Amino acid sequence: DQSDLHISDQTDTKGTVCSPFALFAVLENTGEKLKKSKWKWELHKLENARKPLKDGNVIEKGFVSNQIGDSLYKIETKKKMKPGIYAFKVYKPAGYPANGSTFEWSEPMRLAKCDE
């Protein structure tokens, strides 16, 4: 379908959010209309936030599907996350001409328990 999604917003990478709380990323399609193209995503629990990010433990996953604006999609955890460091990893779909990269990471997001 010649779609082309990039991460345009997310849960803020600065600071630490009191847990448990959901995490999200917004993807903007700047290509042709997303039709049946499958952009797989994974929410990883990381060991650390050092760059470039490293694959961790996949906590949740899915495919980009929920349209929230004319060319805007949102991915959001259905669990609320426990304390930790996390990031979304979004893979290119079958047929995509991967020149730069086969995936895109969000910036990392941190949660910690406040009420103890």
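Counting begins at 1, following the sequence as shown.
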Residue stretch of maximal mean CA temperature factor, 9-17 vs 104-112:
9-17
Comparing 19-27 with 91-99, where is the mean C-alpha B-factor higher?
91-99
Per the deposited entry, the peak Cα B-factor within the set 62, 56, 69, 84 goes to 69
Highest-ranked of 44, 74, 40, 51 once sorted by CA temperature factor in the record:
51
